[PDB]
């Protein structure tokens, strides 16, 4: 059966080169298989690469984008000029080098580095990984990336054109559980979007629902809203989506189970990884992806706050029974 040069066993011979890029990335790009800034930047990158895909542009006789084709690396010179692609240069160049050095397509590489980065963060599911996307790409059309100051209708329409339902938009946002911002408000560099920027968990959903009480920096930044405790940043699109009637019940259902949240995120991400491709034409190499350590902590309403502080926005389903903590309000340190 197929054992690779290193003795590991896989489903197909096309998977063997990925054990090598797995060692490179873990040792170098992830600095000893860590869950820090490199994993966070790659998650913005996989999204901005795959979402440059528009059926509506195709239908209007215009090039609509190749989707998850790695065009953000190949055509970095035009894509990184886009409003949503700031602060990605250093990460795009380190990935370009692993791509050229191992002979793999940029589109596959972005998807692989996402599944490998996530396995370094506790609580993560094992993402599916498929190989075989062609390395040729055209530059993505401009303006296909949702922005933090857009209304909910604008975000749902763009995402709906790419193929996601309102529920999948909420599911995809579980990645803001491993997140911070650097360019919305530079005065509070790397301010976390939830209290556990290194744990893939339910806290992001709970904490964006909390009453915005605190201005974390000396002034408000682009599309910044008051957050529930010092050090945490709250982005206007995340505040709006937690509260809008079209997405509020899915958002609420994500607050109490890390199992359900992970299951749904893995499904939405498998769908995003093949935008512009035929899944059936790719080779499954998911067994190359290692398991992440399990997260054993239970969901909590932090720092003494209670259900009275969460702005319940699903008129049908009552808010889940989530534990409370007898804390003083936390002050979050920048994400590492």
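Numbering follows the first chain given and starts at 1.
Taking the mean C-alpha B-factor of each stretch as recorded, 95 to 103 and 168 to 176 are not equal, and the higher mean is that of 95 to 103. Mean CA temperature factor is higher for 240 to 248 when stretches 240 to 248 and 107 to 115 are set side by side in the entry. Within the listed group 186, 71, 191, 196, the record reports its top CA B-factor for 186.
Across the residues 275, 42, 270, 301, the deposited record lists the maximum Cα B factor for 301. In this PDB entry, the Cα temperature factor of residue 254 sits in the top third of its chain's modelled residues, the highest group. Residue 152: CA B factor in the middle third of modelled residues in this chain (values from the PDB entry). Residue 159 sits in the middle third of its chain by CA B factor, as recorded in the PDB entry. Residue 29: CA B factor lies in the middle third for its chain, per the PDB record. When the modelled residues of the chain are ordered by their C-alpha B factor, residue 203 lands in the lowest third.
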